[PDB]
Amino acid sequence: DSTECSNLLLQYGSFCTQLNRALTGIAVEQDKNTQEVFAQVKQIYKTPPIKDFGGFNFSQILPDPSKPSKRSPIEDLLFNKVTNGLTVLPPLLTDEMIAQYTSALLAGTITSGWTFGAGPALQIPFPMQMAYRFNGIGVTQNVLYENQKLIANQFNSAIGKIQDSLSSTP
Amino acid sequence: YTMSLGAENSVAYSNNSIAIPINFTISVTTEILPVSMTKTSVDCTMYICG
Amino acid sequence: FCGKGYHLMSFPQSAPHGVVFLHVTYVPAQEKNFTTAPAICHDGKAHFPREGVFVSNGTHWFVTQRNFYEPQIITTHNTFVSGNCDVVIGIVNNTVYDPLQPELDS
Ligand SMILES: *[C@@H]1O[C@H](CO)[C@@H](O[C@@H]2O[C@H](CO)[C@@H](O)[C@H](O)[C@H]2NC(C)=O)[C@H](O)[C@H]1NC(C)=O
Ligand SMILES: *[C@@H]1O[C@H](CO)[C@@H](O[C@@H]2O[C@H](CO)[C@@H](O)[C@H](O)[C@H]2NC(C)=O)[C@H](O)[C@H]1NC(C)=O
Ligand SMILES: *[C@@H]1O[C@H](CO)[C@@H](O[C@@H]2O[C@H](CO)[C@@H](O)[C@H](O)[C@H]2NC(C)=O)[C@H](O)[C@H]1NC(C)=O
Ligand SMILES: *[C@@H]1O[C@H](CO)[C@@H](O[C@@H]2O[C@H](CO)[C@@H](O)[C@H](O)[C@H]2NC(C)=O)[C@H](O)[C@H]1NC(C)=O
Ligand SMILES: *[C@@H]1O[C@H](CO)[C@@H](O[C@@H]2O[C@H](CO)[C@@H](O)[C@H](O)[C@H]2NC(C)=O)[C@H](O)[C@H]1NC(C)=O
Ligand SMILES: *[C@@H]1O[C@H](CO)[C@@H](O)[C@H](O)[C@H]1NC(C)=O
């Protein structure tokens, strides 16, 4: 708050304007980065109330209604595991809205596959979508359909192992 | 106001229904990417000392 | 990477200190609901689509390409056979036409 110091600082010119402008550019750049990563859909997709996905369980990645933050158990675990002229500006997107964006992306990729990323969201059953993905990597649809229960069990086990691994590794 | 993330769109998911497009739109979009800057040279001796 | 939608082609345009890409993409439109099945049960055998998907408009079953509605008769060239009908969940009963059948029939 020294007037004399500011008067002497004005002898050095527009250094302070440059530093403020650079920090402002960084601060808007962080919001732009968050928009670029998470705000890639202009439609907020929602999952159906009945979670009938042909044996596939997405409870660990879908938002939990019981939590006030509306986060997934994995996202809740991730948030729990991360702990003189200076001001900290809040981010433009709050944590609940970022979680809502991830929820919309999850609902789009579960209910519509990749159709929502290229245009309107076209509904498709999740086993059929998985069969399409199997064809993408060069495996025939029959392999997915015949071993659908095994694939769903392996997927659920892997998702549970992911949650356990995140909870168990510092 | 509190910013709206987007319009709500509940996809009608069921275990035996698919949505098939009957038409298409040929969409042309623009993407602007900077490539170069203005090439500036500063004479250090002349800038500092003239 | 090259526009919103399924990328078809792109055109470069010069700009002051920059480039403008005109991305020509294919966007699906005017979608319609259809009843779908993973496989077709015929003669105790399971038929799966080679490149498309089985769709039903209510009474008849067809196979169509995934990105455009073009219903075609379920034959033996557009599908492949793997196993019986007892394993696939949600297989439906429908006839499968044979192109060779009128030839030996006549
Ligand atoms: C999907 O997975 C969740 C958890 O991964 C299952 O919830 C469990 O259900 C059993 C019995 O219903 C309980 O004993 C567990 O405590 C539950 N776990 C959790 C973390 O809540 C759920 O049943 C699975 N299936 C469906 C259809 O949601
Ligand atoms: C496919 O069918 C579903 C339900 O049979 C349609 O979903 C409904 O669409 C109307 C029109 O906007 C909504 O008012 C309803 O709330 C929707 N219901 C559900 C359960 O989502 C869907 O629009 C149909 N698809 C097409 C392309 O017509
Ligand atoms: C697919 O969409 C195109 C437009 O995107 C439709 O073409 C229009 O058809 C109407 C009547 O058939 C004409 O009045 C318009 O002038 C046409 N527009 C253009 C740009 O050609 C076309 O008919 C649609 N096809 C189907 C099968 O729905
Ligand atoms: C589903 O599609 C098939 C084929 O396009 C329809 O069958 C035809 O329906 C027309 C309309 O009356 C008849 O003139 C033809 O003779 C039918 N073809 C055959 C081979 O029977 C069928 O009607 C459609 N179903 C629905 C519910 O729209
Ligand atoms: C599809 O066709 C098969 C055989 O034509 C049906 O299987 C029969 O189902 C009845 C009733 O459950 C049994 O009594 C027969 O023994 C079955 N036969 C065989 C060879 O499995 C099947 O039910 C049909 N599915 C539908 C949806 O109509
Ligand atoms: C789809 O769900 C209905 C109940 O809503 C059930 O009767 C039917 O068998 C299911 N089909 C498949 C393929 O899971």
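Just so you know, ligand 1 is whichever comes first in the structure, and atom 1 is the first atom listed for that ligand. Below, each value reflects all heavy atoms present in this structure, side chains not excepted, and no hydrogens, waters or symmetry copies. Proteins come first, then strands; the chains are lettered A, B, ... in the order of their sequence lines, and each starts at number 1.
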Enquirer: In ligand 1, which numbered atoms sit nearer than 4.0 Å to a non-hydrogen atom of A/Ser59?
Expert: 1 (C), 2 (O), 3 (C), 4 (C), 5 (O)
Enquirer: Right, does atom 1 (C) of ligand 4 have protein non-hydrogen atoms nearer than 4.0 Å?
Expert: yes
Enquirer: Which atoms of ligand 4 sit under 4.0 Å from any heavy atom of C/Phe62?
Expert: 2 (O), 3 (C), 4 (C)
Enquirer: A/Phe53 vs B/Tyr13 aromatic rings, parallel, tilted or perpendicular, using cut-offs 30° and 60°?
Expert: tilted
Enquirer: With rounding to the nearest 0.5 angstrom, report the CZ to CG distance, C/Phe62 to C/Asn57.
Expert: 5.5 Å
Enquirer: Checking a contact table here: which protein heavy atom is nearest atom 20 (C) of ligand 4, and how many Å away?
Expert: C/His60 CE1, 4.4 Å
Enquirer: Would you say atom 28 (O) of ligand 5 makes contact with the protein, given that contact here means a non-hydrogen protein atom less than 4.0 Å away?
Expert: yes
Enquirer: Tell me: protein heavy atom nearest atom 25 (N) of ligand 5, and distance?
Expert: C/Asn93 ND2, 2.9 Å
Enquirer: Distance to 0.1 Å, residue and atom name: give those for the protein heavy atom nearest to atom 24 (C) of ligand 4.
Expert: C/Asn57 ND2, 2.4 Å
Enquirer: Check whether any protein heavy atom sits under 4.0 Å from atom 4 (C) of ligand 4.
Expert: yes
Enquirer: Hey, does the side chain of A/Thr47 reach the backbone of A/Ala107 with a donor-acceptor pair shorter than 3.5 angstrom?
Expert: no
Enquirer: Is it the case that atom CD1 in A/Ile50 sees more than 12 heavy atoms from other parts of the structure closer than 6.0 Å?
Expert: no
Enquirer: Using a 4.0 Å cut-off to any heavy atom of A/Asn57, which atoms of ligand 1 qualify?
Expert: 1 (C), 2 (O), 3 (C), 22 (C), 24 (C), 25 (N), 26 (C), 28 (O)
Enquirer: I'd like to check which ligand 1 atoms, numbered from 1 as shown, lie under 4.0 Å from a non-hydrogen atom of A/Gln60.
Expert: 4 (C), 5 (O)
Enquirer: Can you tell me how far OG of A/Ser103 sits from CG of B/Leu5, rounded to the nearest 0.5 angstrom?
Expert: 8.5 Å
Enquirer: Does atom 12 (O) of ligand 4 have a protein non-hydrogen atom under 4.0 Å from it?
Expert: no
Enquirer: Side chain of A/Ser112, backbone of A/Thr115: donor and acceptor closer than 3.5 Å?
Expert: no
Enquirer: Specify whether C/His47 and C/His42 have parallel, tilted or perpendicular ring planes, treating 30° as the upper limit for parallel and 60° as the lower limit for perpendicular.
Expert: tilted
Enquirer: Any protein heavy atom at under 4.0 Å, with atom 22 (C) of ligand 4 as the reference point?
Expert: yes
Enquirer: For the residue pair C/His7 and C/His23, categorise the inter-ring angle as parallel (less than 30°), tilted (30 to 60°) or perpendicular (more than 60°).
Expert: perpendicular
Enquirer: Using a distance threshold of 4.0 Å (strictly less than), state whether atom 7 (O) of ligand 4 has a protein heavy-atom neighbour.
Expert: yes
Enquirer: Is atom 17 (C) of ligand 1 close to the protein, meaning a heavy atom under 4.0 Å from it?
Expert: no
Enquirer: Compute the ring centroids of A/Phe155 and A/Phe58, then answer whether they are less than 6.0 Å apart.
Expert: yes
